[PDB]
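J.:
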Amino acid sequence: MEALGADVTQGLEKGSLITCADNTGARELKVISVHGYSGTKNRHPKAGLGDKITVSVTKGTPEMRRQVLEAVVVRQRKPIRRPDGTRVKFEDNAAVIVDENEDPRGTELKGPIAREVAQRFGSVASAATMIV
Amino acid sequence: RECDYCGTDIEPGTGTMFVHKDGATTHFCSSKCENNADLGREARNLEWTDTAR
Amino acid sequence: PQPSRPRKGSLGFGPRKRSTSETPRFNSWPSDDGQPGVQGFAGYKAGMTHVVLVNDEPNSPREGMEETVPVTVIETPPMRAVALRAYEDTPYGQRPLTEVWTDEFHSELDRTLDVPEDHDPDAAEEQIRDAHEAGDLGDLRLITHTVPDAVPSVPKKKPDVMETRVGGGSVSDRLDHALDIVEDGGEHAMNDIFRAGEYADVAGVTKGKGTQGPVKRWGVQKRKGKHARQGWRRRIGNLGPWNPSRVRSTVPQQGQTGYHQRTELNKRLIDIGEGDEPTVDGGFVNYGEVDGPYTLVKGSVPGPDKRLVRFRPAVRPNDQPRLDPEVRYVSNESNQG
RNA sequence: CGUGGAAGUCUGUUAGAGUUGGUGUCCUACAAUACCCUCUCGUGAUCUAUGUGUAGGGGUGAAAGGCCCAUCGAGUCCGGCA
RNA sequence: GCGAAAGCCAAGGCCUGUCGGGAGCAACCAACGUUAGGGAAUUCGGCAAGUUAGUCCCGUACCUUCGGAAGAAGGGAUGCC
RNA sequence: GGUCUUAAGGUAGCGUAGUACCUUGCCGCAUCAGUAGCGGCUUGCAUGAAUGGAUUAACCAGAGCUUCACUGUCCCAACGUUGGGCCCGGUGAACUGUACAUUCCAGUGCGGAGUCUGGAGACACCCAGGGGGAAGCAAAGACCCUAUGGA
RNA sequence: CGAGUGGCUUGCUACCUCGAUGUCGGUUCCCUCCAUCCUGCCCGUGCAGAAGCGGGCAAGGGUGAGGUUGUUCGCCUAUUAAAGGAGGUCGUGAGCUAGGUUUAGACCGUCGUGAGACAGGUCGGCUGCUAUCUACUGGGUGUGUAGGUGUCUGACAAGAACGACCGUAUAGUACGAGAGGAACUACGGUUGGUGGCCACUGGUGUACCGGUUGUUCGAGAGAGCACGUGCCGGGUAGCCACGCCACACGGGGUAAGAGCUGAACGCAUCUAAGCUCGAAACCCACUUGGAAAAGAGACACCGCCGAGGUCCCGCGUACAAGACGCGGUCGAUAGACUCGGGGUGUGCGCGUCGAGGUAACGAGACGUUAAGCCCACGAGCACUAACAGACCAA
Ligand SMILES: [Cl-]
Ligand SMILES: [Cl-]
Ligand SMILES: [K+]
Ligand SMILES: [Mg+2]
Ligand SMILES: [Mg+2]
Ligand SMILES: [Mg+2]
Ligand SMILES: [Mg+2]
Ligand SMILES: [Mg+2]
Ligand SMILES: [Mg+2]
Ligand SMILES: [Mg+2]
Ligand SMILES: [Mg+2]
Ligand SMILES: [Mg+2]
Ligand SMILES: [Mg+2]
Ligand SMILES: [Mg+2]
Ligand SMILES: [Mg+2]
Ligand SMILES: [Mg+2]
Ligand SMILES: [Mg+2]
Ligand SMILES: [Mg+2]
Ligand SMILES: [Mg+2]
Ligand SMILES: [Mg+2]
Ligand SMILES: [Mg+2]
Ligand SMILES: [Mg+2]
Ligand SMILES: [Mg+2]
Ligand SMILES: [Mg+2]
Ligand SMILES: [Mg+2]
Ligand code: NA
Ligand code: NA
Ligand code: NA
Ligand code: NA
Ligand code: NA
Ligand code: NA
Ligand code: NA
Ligand code: NA
Ligand code: NA
Ligand code: NA
Ligand code: NA
Ligand code: NA
Ligand code: NA
Ligand code: NA
Ligand code: NA
Ligand code: NA
Ligand code: NA
Ligand code: NA
Ligand code: NA
Ligand SMILES: [Sr+2]
Ligand SMILES: [Sr+2]
Ligand SMILES: [Sr+2]
Ligand SMILES: [Sr+2]
Ligand SMILES: [Sr+2]
Ligand SMILES: [Sr+2]
Ligand SMILES: [Sr+2]
Ligand SMILES: [Sr+2]
Ligand SMILES: [Sr+2]
Ligand SMILES: [Sr+2]
Ligand SMILES: [Sr+2]
Ligand SMILES: [Sr+2]
Ligand SMILES: [Sr+2]
Ligand SMILES: [Sr+2]
Ligand SMILES: [Sr+2]
Ligand SMILES: [Sr+2]
Ligand SMILES: [Sr+2]
Ligand SMILES: [Sr+2]
Ligand SMILES: [Sr+2]
Ligand SMILES: [Sr+2]
Ligand SMILES: [Sr+2]
Ligand SMILES: [Sr+2]
Ligand SMILES: [Sr+2]
Ligand SMILES: [Sr+2]
Ligand SMILES: [Sr+2]
Ligand SMILES: [Sr+2]
Ligand SMILES: [Sr+2]
Ligand SMILES: [Sr+2]
Ligand SMILES: [Sr+2]
Ligand SMILES: [Sr+2]
Ligand SMILES: [Sr+2]
Ligand SMILES: [Sr+2]
Ligand SMILES: [Sr+2]
Ligand SMILES: [Sr+2]
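Chains as they are written, first to last, in PDB author numbering: chain K, 1 to 132; chain U, 4 to 56; chain B, 1 to 337.
1) Could you please give the first and the last residue of the uninterrupted beta strand (DSSP E) stretch that includes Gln261/B?
2) Report all residues from its chain with a CB closer than 7 Å to the CB of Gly303/B; omit the five preceding and five following residues, and keep chain order.
3) Taking 6 Å as the cut-off, is the CB of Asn335/B close to at least one heavy atom of ligand 5?
4) Pull up the distance between the alpha-carbon of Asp271/B and that of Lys14/K, whole angstroms please.
5) Rounded to a whole number of angstroms, what is the C-alpha to C-alpha distance between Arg18/B and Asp176/B?
6) Would you list, in chain order, the members of the stretch 12-29 of chain U that have their beta-carbon closer than 8 Å to a beta-carbon of chain B?
7) What residues in its chain sit with their C-beta under 7 Å from that of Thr129/K, if we drop five residues either side in the sequence?
8) Decide if the stretch 274-293 of chain B is in contact with the stretch 162-182 of chain B; the criterion is three or more beta carbon pairs, one per stretch, under 8 Å apart.
9) Report the residue ranges of all alpha helix (DSSP H) runs contained in full by the stretch 196-255 of chain B; include only those spanning at least 4 residues, in chain order.
10) With DSSP as the reference, label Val124/K as helix, strand or coil.
11) Flag this pair as yes or no: are the beta carbons of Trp218/B and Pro244/B separated by less than 7 Å?
12) With distances taken Cα to Cα, identify the nearest neighbour of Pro116/B among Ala123/B, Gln127/B, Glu125/B, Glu104/B.
13) Quick check for students: name the residue ranges of the beta strand (DSSP E) that lie wholly in the stretch 61-122 of chain B, counting only runs of 3 or more.
14) Would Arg27/K and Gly60/K qualify as a contact pair, given that the criterion is a beta-carbon distance under 7 Å?
15) Using three-state DSSP, classify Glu14/U as helix, strand or coil.
16) Counting only beta-carbon separations shorter than 7 Å, does residue 134/K have a partner in chain U?
17) Can you check whether the C-beta of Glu108/K is within less than 7 Å of a C-beta belonging to chain U?
18) Flag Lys209/B as yes when its Cβ comes closer than 6 Å to any non-hydrogen atom of ligand 1, and as no otherwise.
19) Whole angstroms is fine: what's the gap from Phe41/B's alpha carbon to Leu269/B's?
20) Consult DSSP for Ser28/B and reduce its assignment to one of helix, strand or coil.
21) With a Cβ-Cβ cutoff of 7 Å, do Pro30/B and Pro313/B count as a contact?
22) Taking only three categories from DSSP, how would you classify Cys20/K?
23) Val330/B to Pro293/B, Cα distance in whole Å?
24) Using a Cβ distance threshold of 8 Å, determine whether the stretch 38-53 of chain U contacts the stretch 1-15 of chain B, with at least three qualifying pairs required.
25) When you compare only the Cα positions, how much space is there between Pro62/K and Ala71/K?
26) Helix, strand or coil for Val57/K per DSSP?
27) Give the interface partners of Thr49/B over in chain K, defined as CB-CB distance under 9 Å, in chain order.
28) Inspect the beta-carbon positions of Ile113/K and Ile97/K and report whether they are closer than 7 Å.
29) Rounded to the nearest angstrom, what separates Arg105/K and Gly36/K at their Cα positions?
30) Tell me which residue opens and which closes the beta strand (DSSP E) that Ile113/K is part of.
31) Does DSSP put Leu29/K in a helix, a strand or coil?
32) Helix, strand or coil for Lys158/B, going by three-state DSSP, please let me know.
33) Count the other CB atoms within 10 Å of the CB of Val68/K; is the residue buried (16 or more) or exposed (fewer)?
34) Within this structure, are the beta carbons of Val69/B and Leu84/B separated by less than 7 Å?
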């Protein structure tokens, strides 16, 4: 993938419960796998800011619940490092549901987004209200 | 830059930036300030802080 | 069928024992490409600070922008190249032939060496030249020492002696370049060999940690779950199978950790200077105040503060040299806090 | 609404009795059955001291072939016996 | 303090649950404290650990042999002067 | 099959059961995924009425499963605390010992060798360690068979 | 249908062990095999491209996480370059686990007149030992080579020190009617492994500072105890990972394969002699060890009545003993003091305010006061202590 322009300490694991920052009808998401990832023995597969993840819908509307869809990690509680040395962290851990062509499933994105996620997934950027 | 809590000049290549739920941004110079802020204490009421004095 | 996993720790830095010399010894030297010159320098580790730098790489999207880079401050005062050793090409490899010394010796050199009183620098020089005519001359290296007295933070006054190779053009021209350095007093600085922005190889004897268990020493697991509460916490499963009926040296066991020689490759020299510019407020923790000739090495450097580290022009660089980087800010903030 | 104060009733390391898990500690032990935490019962078919009765193919047994002095699908001692 | 509870302290008893000295005192072990982000992914199994907690107020479902369930759950309060 | 054995020929119920071999039975619930658990179906290898059947409030250090909460169980380990461990003074056992013994790789041999054969390696002594081997030490195998054994 | 290889499955035999070689699965840690799953290089195609299918060389590296089940196996999910198999007493209990198997208790079904049985199911159910030898990981003492200090050499030894993926340009290009859609090369990053380091982020921090509950010292001040910090808040140094830095290219020789020249065999022929190429594989390159390499090494200087070393003393860049490193008055080695740099967060006392209360009294607020208290770091500073002095030695 295209360089994030930041060093990330993966804050999520397979089985982690995160917030769905969009109007799709999905409220809570469960991390299943991380695109392009291959671990090591005993290691819980890790997910972080800017990673495209396969997800499960835990809480939401009946039509959206129990569905296995792709998503992009948009926010995380564990700090990330910007080239200017500064660390950046969020209030919660969040993701935006995405389709085959990396375009958001919803129309409106709830809460802020990292500038690095914007550089990578353009159609998610030009759908965001606040970019930090 | 200047710390959004205590008010001292943050050393470049140091510090953390907290991004709130609404989108607000709070730059911190140290862990001490992050901790005092999470305790519900306001900078103006703490005598050691630059904002207070 | 039980998952695969790479073995715990590398077998290339073995045996994991205590180093013979605290002074690092290079086992390889750079090629003979450019003009004649000494292929290395030495200094004393001070501590760490960060620096703000302007991106030099043309392939980087962030070219021209401000980047925060970690740096190790190393006090590098001028050394003295007291002699020139010559090697001959014998059927058993390279063997030392003779040495050409000096008259100008540093006052505190008699703390390590038995200082020469009666020497013949002309007859020894002739011996090296007859060996060059015979076509049996191997390589030319300089016996060199440091001046720890010039460093106030380092307690030792006993000079650290080491050999360094002279590489360059032809064997005839570098023989003469070597003799010129020696004859004066052997005084040379970091500037003479290195330029800021160049990739150097840093060798050092690591931080001593005494005897440590397999977990810290080889990076093996701790006992997990229920196995952690039975009386075994940080001990490996088994020392080997039933057959072979012996313990292999490849199985992760306890012993000496640290105080081993390491040669860290491709270390970018951010800045070479002289002054109190890289010093930390209140002094570098467990070292002191820097006010003299220094070097700013990008990233980490093996060994603790006060330890003698060595420099060598990169034998295997990956990137092309981007000379004299623009340093916009050097942190002087206290390392305490 | 009050009174009343029942209970093989409840909570309880009250005293006391017991002994679920840790398969912890110990395992040439402090100990030939111990140590710690955890846990159960604790006005009753309760617990306990002393005195007293039942004896070996016999006792005793809310029954596990449990227990009858570190000895039990037939105690222990000596003898039959070399 | 509800208390023959905890914790602290008298009266009284003791330093005899009877070998000591030294190393910032390493590995390893027994007991134990704290660990960012994640939160049972560990394991046969949440085993181990943790969480909750005293008291008052409000409020309390299915089922029920009408005794019970029930401290259900859930919510708020709590110091000093 | 539309009586025959041997008297009758399984009624209420419950049912893939702590009983169901086939079996991870089929359908459903739940999960990303559920040989689990629960519900329904159920021809039940070989359920079933005091050899008691069924149902069940309450009770339980009884067995299985699910959710919320919590957390070093785990990702993946770190630092610290106390007693040991290590060195010194004093005290002072035991287990074990055919002999020899610095081994390693192959081979051979009653087919599972530190000791035999061929090679390789190997200067002696000591300290600390975790336990690979001595088919390690501890117990005249509990299993199996045997004895014109015992109870 | 015929010929074999292996010793992973099962069966057969009864050679070895019954004065015992602990047993399924799992776990942890190490080595290996190749019949290759991925990665490298190749041949063929029912090879346009892309994607495949089949075959060859090849064991360097990798081959992961999860749901049911004790399960091995397997079924299933999502990731992946791929999620290969097998050997090592079905590797591994003087390592672990006890879920299964495998006693003594009990239930159900079946069988039995019955005691009881079951190659059925089910709940419960114990795991000893202080290492003599050997083996390896690390640490010392001696002897050999035959005075000392310093610097080296390199016989040999170890390594995976690197493996793999994504993206960008190439390029919407080659190719193809279209749909679709490459590569050489150059770049940016990710992942796994590896070694090191602490400026930064993070953890710890029973140093330290503060708040505060119970009780005791009459109150106050200031303290002890509440498990080895009563609890809560913050936290320096250090140690750390969740933090940061570093880990090629290129040569040489080959395999499969592509060829050149070329004869036996006037031609032909990549082979018979000769030669050019060509794998992540081999060698070198690179890192680590390494004068005990018995051919027991080399160089330079000092010295044989004196070079050097040991003890002693003050200490750590070192450290379980031993070892190692530095300093020792011609000195900043350690401590004291003073600064600096840091931690906490505003001291005791006094003044004013203070809901009230006749007054007594009064939780608390402000000021004095970036105060008080504290520091495992630095600097200054010979003030105290590195004194005295012994020994070995060609
Ligand atoms: Cl996954
Ligand atoms: Cl384990
Ligand atoms: K046997
Ligand atoms: Mg596993
Ligand atoms: Mg710091
Ligand atoms: Mg800071
Ligand atoms: Mg009696
Ligand atoms: Mg019985
Ligand atoms: Mg945690
Ligand atoms: Mg698992
Ligand atoms: Mg528990
Ligand atoms: Mg069913
Ligand atoms: Mg054995
Ligand atoms: Mg026998
Ligand atoms: Mg029997
Ligand atoms: Mg009989
Ligand atoms: Mg092959
Ligand atoms: Mg291999
Ligand atoms: Mg098997
Ligand atoms: Mg086995
Ligand atoms: Mg074993
Ligand atoms: Mg055992
Ligand atoms: Mg044992
Ligand atoms: Mg079970
Ligand atoms: Mg059982
Ligand atoms: Na144990
Ligand atoms: Na009444
Ligand atoms: Na108990
Ligand atoms: Na009898
Ligand atoms: Na009971
Ligand atoms: Na812990
Ligand atoms: Na004996
Ligand atoms: Na052993
Ligand atoms: Na019997
Ligand atoms: Na065969
Ligand atoms: Na066989
Ligand atoms: Na065996
Ligand atoms: Na096993
Ligand atoms: Na391979
Ligand atoms: Na499974
Ligand atoms: Na075994
Ligand atoms: Na086992
Ligand atoms: Na065992
Ligand atoms: Na090649
Ligand atoms: Sr050298
Ligand atoms: Sr070398
Ligand atoms: Sr155990
Ligand atoms: Sr063997
Ligand atoms: Sr009662
Ligand atoms: Sr048990
Ligand atoms: Sr004990
Ligand atoms: Sr016992
Ligand atoms: Sr416990
Ligand atoms: Sr009770
Ligand atoms: Sr007799
Ligand atoms: Sr008293
Ligand atoms: Sr005594
Ligand atoms: Sr703390
Ligand atoms: Sr679970
Ligand atoms: Sr409540
Ligand atoms: Sr019927
Ligand atoms: Sr019943
Ligand atoms: Sr031991
Ligand atoms: Sr082969
Ligand atoms: Sr392939
Ligand atoms: Sr699970
Ligand atoms: Sr099966
Ligand atoms: Sr195995
Ligand atoms: Sr069992
Ligand atoms: Sr039974
Ligand atoms: Sr059975
Ligand atoms: Sr000899
Ligand atoms: Sr492309
Ligand atoms: Sr298109
Ligand atoms: Sr205390
Ligand atoms: Sr509490
Ligand atoms: Sr060929
Ligand atoms: Sr020698």
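Just so it is clear, CB atoms sit at the ideal spot from N, CA and C, and this is done for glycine as well.
T.: Considering the structure as presented:
1) Mapped onto the third sequence, residue 261/B falls at position 261. From DSSP, the beta strand (DSSP E) with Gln261/B extends over 261-275.
2) For the purposes of this step, residue 303/B is taken as the residue at position 303 of the third sequence. The residues are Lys45, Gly204, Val205, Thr206, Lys207, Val309.
3) Position 335 of the third sequence holds residue 335/B. Yes, since a heavy atom of ligand 5 falls inside the 6 Å radius drawn around the Cβ of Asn335/B.
4) The count along the third sequence starts at 1 and reaches residue 271/B at position 271. The count along the first sequence starts at 1 and reaches residue 14/K at position 14. Computed Cα separation, rounded: 45 Å.
5) Along the third sequence, one-based indexing puts residue 18/B at 18. Along the third sequence, one-based indexing puts residue 176/B at 176. Whole-angstrom Cα-Cα distance: 39 Å.
6) Per Cβ criterion, the list reads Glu14, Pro15, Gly16, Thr17.
7) As a position in the first sequence, residue 129/K is number 129, starting the count at 1. Cβ within range, chain order: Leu109.
8) Here the stretch 274-293 of chain B does not lie against the stretch 162-182 of chain B, with fewer than 3 beta-carbon pairs under 8 Å apart.
9) 214-218
10) Here residue 124/K refers to the residue found at position 124 when the first sequence is read from its first residue. When DSSP states are grouped into helix, strand and coil, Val124/K belongs to the helix group.
11) Taking the third sequence and counting its residues from 1, one reaches residue 218/B at position 218. Taking the third sequence and counting its residues from 1, one reaches residue 244/B at position 244. No.
12) As a working mapping, residue 116/B is identified with position 116 in the third sequence. Answer by Cα proximity: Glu104/B.
13) Correct list: 66-75, 79-90, 93-100.
14) Position 27 of the first sequence, counting from 1, holds the residue named residue 27/K. Position 60 of the first sequence, counting from 1, holds the residue named residue 60/K. The answer is yes: Cβ separation under 7 Å.
15) The residue labelled residue 14/U in the question sits at position 11 within the second sequence. In the three-state reduction of the DSSP assignment, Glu14/U falls in the coil class.
16) Within the shown structure, residues of chain K are numbered from 1 to 132, placing residue 134/K beyond reach of any answer.
17) The count along the first sequence starts at 1 and reaches residue 108/K at position 108. No, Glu108/K does not count as interfacial toward chain U.
18) In the third sequence, counting from the first residue as 1, residue 209/B sits at position 209. No, Cβ of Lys209/B sits at least 6 Å from all heavy atoms of ligand 1.
19) Counted from its first residue, the third sequence places residue 41/B at position 41. Counted from its first residue, the third sequence places residue 269/B at position 269. If I take the Cα positions, the gap works out to 13 Å.
20) Within the third sequence, numbered from 1, the residue matching residue 28/B stands at position 28. Coil.
21) As a first step, residue 30/B is located in the third sequence; it is residue number 30 there, counting from the start. As a first step, residue 313/B is located in the third sequence; it is residue number 313 there, counting from the start. Yes, the Cβ-Cβ distance between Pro30/B and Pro313/B is below 7 Å.
22) Numbered from its first residue, the first sequence carries residue 20/K at position 20. Strand at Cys20/K.
23) The count along the third sequence starts at 1 and reaches residue 330/B at position 330. The count along the third sequence starts at 1 and reaches residue 293/B at position 293. Between the alpha carbons of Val330/B and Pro293/B lies a distance of about 16 Å.
24) no
25) Here the question's residue 62/K lines up with position 62 in the first sequence. Here the question's residue 71/K lines up with position 71 in the first sequence. For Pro62/K and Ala71/K, the distance between alpha carbons rounds to 19 Å.
26) Here residue 57/K refers to the residue found at position 57 of the first sequence. Of the three classes helix, strand and coil, the one that applies to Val57/K here is strand, per DSSP.
27) For this step, residue 49/B is matched to residue 49 along the third sequence. Those within 9 Å of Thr49/B in chain K number zero; the least Cβ separation is about 12 Å.
28) Numbered from 1 along the first sequence, position 113 holds the residue referred to as residue 113/K. Numbered from 1 along the first sequence, position 97 holds the residue referred to as residue 97/K. Cβ distance not < 7 Å, so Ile113/K and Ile97/K don't count as in contact.
29) For the purposes of this step, residue 105/K is taken as residue 105 along the first sequence, with counting starting at 1. For the purposes of this step, residue 36/K is taken as residue 36 along the first sequence, with counting starting at 1. Taking the straight line joining both Cα atoms gives about 22 Å.
30) Stepping through the first sequence from its first residue, residue 113/K is reached at position 113. Taken as a continuous stretch (DSSP letters only), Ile113/K belongs to no beta strand (DSSP E), as it is neither H nor E.
31) Here residue 29/K refers to the residue found at position 29 of the first sequence. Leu29/K: strand per DSSP, three-state reduction.
32) Here residue 158/B is taken as the residue at index 158 of the third sequence, counted from 1. If DSSP states are grouped into helix, strand and coil, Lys158/B belongs with coil.
33) Taking the first sequence and counting its residues from 1, one reaches residue 68/K at position 68. Exposed, because fewer than 16 other Cβ atoms sit within 10 Å of the Cβ of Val68/K.
34) Counting from 1 along the third sequence, the entry for residue 69/B is found at position 69. Counting from 1 along the third sequence, the entry for residue 84/B is found at position 84. No, they are not a contact pair.
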